[PDB]
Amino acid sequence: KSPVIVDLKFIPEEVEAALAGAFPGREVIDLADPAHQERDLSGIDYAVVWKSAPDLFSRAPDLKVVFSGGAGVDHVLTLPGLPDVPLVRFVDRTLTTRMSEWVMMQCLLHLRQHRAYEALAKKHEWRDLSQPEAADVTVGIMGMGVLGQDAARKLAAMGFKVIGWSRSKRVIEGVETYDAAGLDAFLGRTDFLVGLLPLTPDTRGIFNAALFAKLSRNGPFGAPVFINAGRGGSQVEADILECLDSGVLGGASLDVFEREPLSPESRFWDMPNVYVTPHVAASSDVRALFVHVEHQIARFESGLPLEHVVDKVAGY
């Protein structure tokens, strides 16, 4: 039976804990362990990777399937020697449900004027603010795949008006959607913009000043909000900053940044209407990752086709 290489830059206690009883019957080679730093890795069919070392695929030339530890593959596609074999991304109910938690939290924080109420609290001042209900706000989600769909349905169920956008059009009860050419109509209706796009050459810098200026100003706060949990390379941070300073954006939630970890010198840390999280919108449940990997190995070895394979030309 082939070994499984595990090269995951995740919280190490979580990886170690999940290894126990994982991949039964297979040797598991965890490259976090210094004992394994010189081991040759030829003749091994499977690797599970997240921020893996540059020389990995030169050490493991015989891989038959590469498994990403995350849903996003923009970094893995750039790794030297990435083999010409299927690359399977992480898709799982645990990941999806976690992202929807984060998206719901952001939409509620901005809806319920959390920062305004915290500023009042800091002054020890009791003051009720006029308050729209979720149905008074349209959330527009750019990115209508696994995560965008689950987030949209959950937002709608909480009472938000929800609309969606992606390259092609899709059918989702209670959610009107737009295809690529509908972008401007979608943006003009959107009060809270949620980014759940992969980073690809075609989504690079898509979230810029010109796009923020097209968002709706007709909503209950008079200015839109930007929430991104896709990839940082999709946004132009200089524009986000300028828009926040001018009031073109009323606030933002950012889980992802052009350069991560976010520099300690960034202005985003101290800004009163920005919520910064360190790329934790949906943590990979490592146990679930390994169950997904085990499952796909079983299909592969039985001749069934792999699921969630990446289109490497498209970048997702």
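All residue numbers refer to positions in the sequence shown, first residue = 1.
K.L.:
Averaging C-alpha B-factors over each stretch, which comes out higher, 224-232 or 173-181?
P.N.:
Looking at the recorded C-alpha B-factors, 173-181 comes out higher on average.
K.L.:
Using only C-alpha atoms and the B-factors in the entry, which stretch averages higher, 300-308 or 5-13?
P.N.:
Result of the comparison: 300-308.
K.L.:
When you compare the CA B-factors of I29, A252, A281, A53 as listed in the entry, which one comes out on top?
P.N.:
The record points to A53.
K.L.:
Taking the Cα B-factors listed in the entry, which of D150, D128, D191, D84 comes out highest?
P.N.:
Highest C-alpha B-factor among the listed residues goes to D84.
K.L.:
Grab the CA temperature factor for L79 from the record and place it in the lowest, middle or highest third of its chain.
P.N.:
Within its chain, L79 is a highest-third residue by C-alpha B-factor, going by the deposited values.
K.L.:
Hey, what third does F57 fall into on Cα B-factor, ranked over its chain?
P.N.:
Highest third - that is where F57 ends up once the chain's C-alpha B-factors are sorted.
K.L.:
By its CA B factor, does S266 count among the lowest, middle or highest third of the modelled residues in the chain?
P.N.:
For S266, the deposited C-alpha B-factor lands in the middle third.
K.L.:
Give the position of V256 by CA B-factor within its chain, expressed as the lowest, middle or highest third.
P.N.:
Answer is lowest: the recorded C-alpha B-factor places it there.
K.L.:
Can you work out whether the C-alpha temperature factor of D202 puts it in the lowest, middle or highest third of the chain?
P.N.:
Highest third - that is where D202 ends up once the chain's C-alpha B-factors are sorted.
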